[PDB]
Amino acid sequence: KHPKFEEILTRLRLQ
Amino acid sequence: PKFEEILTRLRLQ
Amino acid sequence: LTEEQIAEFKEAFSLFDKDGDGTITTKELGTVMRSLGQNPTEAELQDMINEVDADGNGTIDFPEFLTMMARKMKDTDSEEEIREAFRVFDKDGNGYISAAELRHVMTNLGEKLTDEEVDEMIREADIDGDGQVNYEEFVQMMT
Ligand SMILES: [Ca+2]
Ligand SMILES: [Ca+2]
Ligand SMILES: [Ca+2]
Ligand SMILES: [Ca+2]
């Protein structure tokens, strides 16, 4: 929702 | 005994 | 910092710096977030960039990114130290540190405690009042 960079990086690694 | 020592002790072990 | 870690943090940075110019812009970050199902406004992206943009020029460069990644790595290493400590105390691996387990490991760590001392330690940590220290409780005491 108001995400942090850490979650962003995790999800980017997936896709 | 504080828990912080117990972490330090563990590190040496 | 190891060059292996640099190359690793570079691969991470490249997921945001989508063209390899060495900067993450609001435009790039917008594409990232859209790819993950959000649709941010310019203001929201400026906010997010500002979390990492140390010199306030409105973009993130790799040195700024690596400063952030190194701080996070120290946080994750702290968390892993506390997780390892919990596993060592939880001698039977059931997710709870009992009084017997706490006393036995403390003996091994050079600190001989009596029952009343051990029980006082468990009460300090035992948020939920079940007589034992679970992982959540341990983290709270150890942070
Ligand atoms: Ca770029
Ligand atoms: Ca910058
Ligand atoms: Ca146990
Ligand atoms: Ca408890």
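A note on names: the letters A, B, ... follow the listed sequences, proteins ahead of strands, and every chain is numbered from 1. Both backbone and side-chain heavy atoms feed into the values below; hydrogens, waters and symmetry mates do not.
Heavy-atom neighbours of C:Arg103 CZ from other residues, nucleotides or ligands within 6.0 Å: at or below the threshold of 12. In this structure, B:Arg11 places its CZ atom where only 12 or fewer heavy-atom neighbours from other residues, nucleotides or ligands lie under 6.0 Å away. The local environment of OH in C:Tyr96 is sparse, with at most 12 non-hydrogen atoms from other residues, nucleotides or ligands closer than 6.0 Å. Taking a 6.0 Å sphere around CD of C:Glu4, one finds it holds 12 or fewer heavy atoms contributed by other residues, nucleotides or ligands. With a 6.0 Å radius and a threshold of 12 heavy atoms from other residues, nucleotides or ligands, C:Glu42 has its CD atom above the threshold.
Exactly one of C:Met141, C:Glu111, C:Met142 qualifies for a side chain to side chain contact (heavy atoms under 4.5 Å, CB included) with B:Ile6. That residue is C:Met142.
Rounded to the nearest 0.5 angstrom, B:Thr8 OG1 and C:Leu109 CG are separated by 11.0 Å. Taken from CG in B:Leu7 to CD in C:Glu84, the straight-line distance is 10.5 Å, to the nearest 0.5 Å. The structure places CZ of B:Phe3 at 6.5 Å from CG of C:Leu102, a figure rounded to the nearest 0.5 Å.
Of the atoms belonging to C:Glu124, it is side-chain heavy atoms, and not backbone ones, that fall under 4.5 Å from chain B.
Closest of all the heavy-atom pairs between B:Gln13 and C:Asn108 is OE1-O, 3.4 Å.
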